[PDB]
Student: 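Let me give you the structure first, and then I'll get to my questions.
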Amino acid sequence: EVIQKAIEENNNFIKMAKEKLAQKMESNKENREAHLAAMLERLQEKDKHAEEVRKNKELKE
Amino acid sequence: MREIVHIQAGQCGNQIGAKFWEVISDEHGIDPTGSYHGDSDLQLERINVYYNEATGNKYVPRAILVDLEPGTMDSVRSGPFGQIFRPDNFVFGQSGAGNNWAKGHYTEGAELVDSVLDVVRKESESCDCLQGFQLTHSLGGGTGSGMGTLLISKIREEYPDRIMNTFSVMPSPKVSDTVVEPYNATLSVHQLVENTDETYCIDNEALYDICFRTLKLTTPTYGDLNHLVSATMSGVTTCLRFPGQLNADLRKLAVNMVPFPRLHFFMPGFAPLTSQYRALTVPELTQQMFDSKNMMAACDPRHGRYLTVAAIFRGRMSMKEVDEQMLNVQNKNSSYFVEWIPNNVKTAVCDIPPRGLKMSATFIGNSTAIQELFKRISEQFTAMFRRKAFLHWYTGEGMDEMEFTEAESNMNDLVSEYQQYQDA
Ligand SMILES: Nc1nc2c(ncn2[C@@H]2O[C@H](COP(=O)(O)OP(=O)(O)O)[C@@H](O)[C@H]2O)c(=O)[nH]1
Ligand SMILES: COc1ccc(-c2[nH]nc3c2-c2cc(OC)c(OC)c(OC)c2CC3)cc1
Ligand SMILES: [Ca+2]
Ligand SMILES: [Mg+2]
């Protein structure tokens, strides 16, 4: 019982490590790209704005 | 023809085992090559008890060298008599047990134990009539302590009606490898109480003091300590190795030394303590060997009572004088022997002394003051275990706290069992 417990706890420690690592890389890639998603979408309301100002300038005559 | 299988286990086990075999191979006329070159033939009458017969009938010890690292064992076999040991009888792993009882008993030792029992089986199958096993080991390390008591658990299983007999070195803070020693040793003692018939308690505290106070060695080495042990061990076993009116075997010895099966831890003593040109006179032999300063276990015999005693004198001397002096020490000090075991002191004499000493006397005492040793180890244990300190080294190998309190318990009981017979 003792040696199969030393084995079981070494394995559960590897297990949880393996998982805590995988779960954090997934939360990180998500969070990082959401911030790049958020950053680019910000820049594109600037692109869409840079035209409503240019198109507005044609609406004169 | 009553052989013993000797097993030395661990660092301390195999270092002490090593000197014991050179000490007594000198006593039996065997050279470092295993060849007999002695004068007498009393050197060869009980030879079969410790040595198997060989090539052109050389003598190989009936010894099994066990460790979980090779370091000590390479050292043994490259040492003096290291050639006499049967190379097949060198059983060793590689990882070591890290001064960790659990590694010796449950994980690392568990992996190696089967290979050892293969050697014990081939050593013991070659025995017209095997009588028992003697194990040498410390109890504060990992291999000799944890694996050694595992080996005893197993040998008892395969050989339940043989005598199991150990020489066990107790840790002491004065001479300590690591801080976990009281743990390793409390766990070994729980085993020894159940699975041995006799254990000689060699305390490393007492060996240090004898070396410092008595032998005047300012800073003793382990070799200086094992000098005292290989002399006591030669002493304790001279009846098994030499013929006498005493037909001494392990079972008769245990029958008369052990009144209660758990109370089988003996206080060895030796005299004279040497590291010398006037042989001691018999009156001094017997005064010295009963002096607390000549005990190997670091308990005061005047703090308890002798359940039983076995003394042996080596040399040619007045057989009547040892009778007289032995009988006289009992009445100078009858307050310290139990009234309810008549004739509890027994004395042998051997005409062949140890190397270098013309007259020597070795003492084996089943005293209730051995309780001091377990009280000592128990205080240390509790001191750490109340704060569960250093336990992770063990829970990391499967052990549970519960196994520890059980071992604390069984040893505190053994201390109670010893106190109750000090009062009778
Ligand atoms: N008397 C004596 N004690 C020793 C010797 N070597 C180690 N010890 C003691 O043994 C205990 C450590 O166990 P050790 O034999 O080194 O570890 P193991 O190899 O895992 O069995 C400590 O209490 C040391 O004081 C030795 O040669 N002689
Ligand atoms: C307390 O009363 C008794 C004690 C021992 C015996 C006995 N019976 N048979 C033997 C022994 C015996 C005694 C030994 O010491 C005298 C002895 O030497 C260490 C010794 O050598 C190991 C032995 C083994 C041979 C009998 C009564
Ligand atoms: Ca291993
Ligand atoms: Mg060591």
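All values below were derived from every heavy atom in this structure, side-chain atoms included, with hydrogens, water molecules and symmetry-related copies excluded. Numbers restart at 1 for each chain; the letters A, B, ... are given by sequence-line order, proteins then strands. Just follow the structure's listing: the first ligand is 1, and inside any ligand the first atom is 1.
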Student: Would you confirm whether the ring centroid of B:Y418 sits within less than 6.0 angstrom of the ring centroid of B:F265?
Tutor: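 Not under 6.0 Å, so no.
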Student: Could you tell me whether B:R77 sits above the aromatic face of B:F90, with NZ or CZ closer than 6.0 angstrom to the six-membered ring centre and within 45 degrees of the axis?
Tutor: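 Pair B:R77/B:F90 counts as cation-pi.
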Student: Are the charged groups of B:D351 and B:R314 less than 4.0 angstrom apart, N to O?
Tutor: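 Looking at B:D351 and B:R314, the cut-off is not met.
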Student: Only heavy atoms of B:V236, strictly under 4.0 Å: list the atoms of ligand 2 that pass.
Tutor: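 Under 4.0 Å from B:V236, ligand 2 has these atoms: 18 (O), 19 (C), 21 (O), 22 (C).
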Student: Under 4.0 Å from any heavy atom of B:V309, which atoms of ligand 2 are there?
Tutor: 1 (C)
Student: Charged N to carboxylate O below 4.0 Å: is that the case for B:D197 and B:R251?
Tutor: no
Student: Determine whether the aromatic ring centres of B:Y51 and B:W21 lie less than 6.0 Å apart.
Tutor: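 For B:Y51 and B:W21, the ring centres are under 6.0 Å apart.
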Student: Any side-chain heavy-atom pair from B:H6 and B:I64 closer than 4.5 angstrom?
Tutor: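 A side-chain contact is absent here, since even the closest heavy-atom pair is not under 4.5 Å.
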Student: Are B:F363 and B:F290 an aromatic pair by the rule of ring centers under 6.0 Å?
Tutor: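 Distance test on ring centres: under 6.0 Å, yes.
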Student: Of all heavy-atom pairs between B:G146 and B:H105, which one has the smallest distance, and what is that distance?
Tutor: O-ND1, 2.6 Å
Student: Counting only heavy atoms, which portion of B:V255 has something under 4.0 Å from ligand 2: side chain, backbone, both, or neither?
Tutor: neither
Student: Any idea which atoms of ligand 2 are less than 4.0 Å away from a heavy-atom of B:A311?
Tutor: 15 (O), 16 (C)
Student: Quick test: of every protein heavy atom, which one is nearest to atom 21 (O) of ligand 2, and how far off is it to 0.1 Å?
Tutor: B:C239 CB, 2.9 Å
Student: In terms of residue, atom name and distance, what is the protein heavy atom nearest to atom 24 (C) of ligand 2?
Tutor: B:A248 CB, 2.3 Å
Student: If you measure from each non-hydrogen atom of B:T238 to ligand 2, which part falls under 4.0 Å: side chain, backbone, both or neither?
Tutor: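 It is neither; nothing of B:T238 touches ligand 2.
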Student: Atoms of ligand 2 less than 4.0 Å from B:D249 heavy atoms?
Tutor: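 So the atoms of ligand 2 that pass are 24 (C), 25 (C).
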Student: Decide if the gap between the ring center of B:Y183 and the ring center of B:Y394 is smaller than 6.0 angstrom.
Tutor: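 Between B:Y394 and B:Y183, which both carry aromatic rings, the centre distance is below 6.0 Å.
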Student: About how many Å separate CG of B:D323 and OG1 of B:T286, when rounded to the nearest 0.5 Å?
Tutor: 11.5 Å
Student: Should B:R355 and B:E27 count as an ion pair when the cut-off is N to O under 4.0 Å?
Tutor: no
Student: Please could you name the atoms of ligand 2 that B:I312 approaches to less than 4.0 Å, counting only its heavy atoms?
Tutor: 15 (O), 16 (C), 18 (O), 19 (C)
Student: Among all protein heavy atoms, pick the one closest to atom 12 (C) of ligand 2 and tell me residue, atom and distance.
Tutor: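 Result: B:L246 CD1, 3.4 Å.
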Student: Of the non-hydrogen atoms in B:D26 and B:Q43, which two are nearest, and what is the gap between them?
Tutor: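 For B:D26 versus B:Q43, the nearest heavy atoms are O-NE2, 4.4 Å.
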Student: Can you pull out the closest protein heavy atom to atom 2 (O) of ligand 2? Residue, atom name and distance to 0.1 Å, please.
Tutor: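 Minimum-distance protein heavy atom for atom 2 (O) of ligand 2 reads B:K346 CB, 3.4 Å.
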Student: Ignoring water, what protein N, O or S atoms are under 2.8 Å from the Mg ion (ligand 4)?
Tutor: B:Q11 OE1, B:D177 OD2
Student: Can you tell me which portion of B:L250 lies within the under-4.0 Å heavy-atom range of ligand 2? Options are side chain, backbone, both, or neither.
Tutor: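 The answer is neither; B:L250 stays 4.0 Å or more away.
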Student: For ligand 2, indicate whether the residue B:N344 contacts it via side chain, backbone, both or neither (heavy-atom separation under 4.0 Å).
Tutor: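 Backbone only.
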Student: Would you mind running through ligand 2 and noting each atom that sits below 4.0 Å from a heavy atom of B:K252?
Tutor: 8 (N), 9 (N)
Student: Any carboxylate oxygen within less than 4.0 angstrom of a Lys/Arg side-chain nitrogen, looking at B:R376 and B:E372?
Tutor: no
Student: Tell me whether the NZ or CZ atom of B:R62 lies within the 45° cone about the ring axis of B:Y50 and under 6.0 Å from its centre.
Tutor: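 Because its charged atom misses either the 6.0 Å distance or the 45° angle limit, B:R62 does not stack over B:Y50.
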Student: If you look at B:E111, which of its N/O/S atoms is nearest to the Ca ion (ligand 3)?
Tutor: OE1
Student: Between B:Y421 and B:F260 (judged by ring centroids, cut-off 6.0 Å), do the two rings come close enough to count as a pair?
Tutor: yes
Student: Considering only non-hydrogen protein atoms, determine which one is nearest to atom 26 (C) of ligand 2 and report residue, atom name and distance to 0.1 Å.
Tutor: B:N256 ND2, 3.2 Å
Student: Under a 4.0 angstrom heavy-atom cut-off, which atoms of ligand 2 come close to B:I364?
Tutor: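 Counting from 1, the qualifying ligand atoms are 19 (C).
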Student: With the threshold set at under 4.0 angstrom, would you say B:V345 reaches ligand 2 through any of its heavy atoms?
Tutor: no
